[PDB]
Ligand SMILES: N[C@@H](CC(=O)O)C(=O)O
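One chain is shown next in structure tokens, namely the form solved without ligand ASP.
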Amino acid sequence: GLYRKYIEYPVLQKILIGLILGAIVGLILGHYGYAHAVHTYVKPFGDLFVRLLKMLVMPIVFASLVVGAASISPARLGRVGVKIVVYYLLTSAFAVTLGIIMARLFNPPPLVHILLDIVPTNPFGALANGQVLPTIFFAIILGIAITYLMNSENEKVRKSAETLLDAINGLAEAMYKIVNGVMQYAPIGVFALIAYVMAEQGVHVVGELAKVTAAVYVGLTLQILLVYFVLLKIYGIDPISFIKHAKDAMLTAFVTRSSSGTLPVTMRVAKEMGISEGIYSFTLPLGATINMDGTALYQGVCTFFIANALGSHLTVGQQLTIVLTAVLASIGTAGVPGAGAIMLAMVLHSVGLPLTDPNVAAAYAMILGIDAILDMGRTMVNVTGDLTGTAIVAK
């Protein structure tokens, strides 16, 4: 009987309630100790929530995009596709610079093979692995191809092509339903996921990591205010009215680390925003993973912090390449929870700073201990930027 009441409670309110209690609970153990106990008996629940969010990304990014690409004419897709990718590149070019500026203000493979990897040598192999970006390419290519079949004069081809789209569309609908199911468990997951971090971050609240959080989070505010809002004003969409509609998406996106997990509610927001279907149904699932604004800002500051942690000095040009390559090296894969920590890992690997070195591990471990809330904000801009991009693309 109680379970029925729990589910009937609005999901977003549960999401916030779990967050507040978890942070309060975690900070209590920060002073009472038992940081090991929470990491043992509480964190696994958070890990399960993270695992669930990671699961959603691959089926959604494939099935949703195939439906989205195949649901509109290829000509319109090209117009929208070019517009949306250009939008992210501009904003990411802003986020990458914005993070570098905030990094110093607070002071806490070649290009081609990266591009060639957009074309999977085995589409099934791409799906089997977590290679989100090439899976997007195959999805759109498959989606566009289906439309050409649906217009084919051959009756058998049209019927067979239609059935394939329906099967994939059913998968896309099912995953959205699974997302709603996951969101019901999110309040339990979020509470545990934030309780652990706030337990062993209960100390150092005003340390260097605090400035790292300040550099990022205030960086997010500027990202929203100085990039999204200005862009919305330039295109004639009242940012205040827009963000009012996006309140549900931002909060669900903010607390739930995954942009994909908040995708169905993000689509719901777009519908209420008046954006024509077939534009938000495609850009948003793409945006959940292709968006680079949050990760670039995250790496701009966090990477700078690591450099100082090892007593190194990064000139602006050198730092620009480090963060820019990380962004380029992960044009996708931005929808998984805790992307920054995972994405920062290879940045250290790319440089001669393997995790084997205790100093690198120690400095990185400190970042990992804070990634829980640092990445929480990251999804806020990531799921706000794609909302902006969807709005701007919709004109």
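Each residue number is its position in the shown sequence, starting from 1.
There is another form of this protein, the form deposited with ligand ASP bound, and it is not shown here; the text below is about that form.
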{"query": "Interface stretch in the deposited complex with ligand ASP - options 36 to 44, 330 to 338, 59 to 67, 356 to 364, non-hydrogen atom within 4.5 Å", "finding": "330 to 338"}
{"query": "Residue among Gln223, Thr266, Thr295, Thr283 with a heavy atom within 4.5 Å of ligand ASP in the deposited complex", "finding": "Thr295"}
{"query": "Heavy atom contacts to ligand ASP in the deposited complex at 4.5 Å, residues of 226 to 244 in sequence order", "finding": "none"}
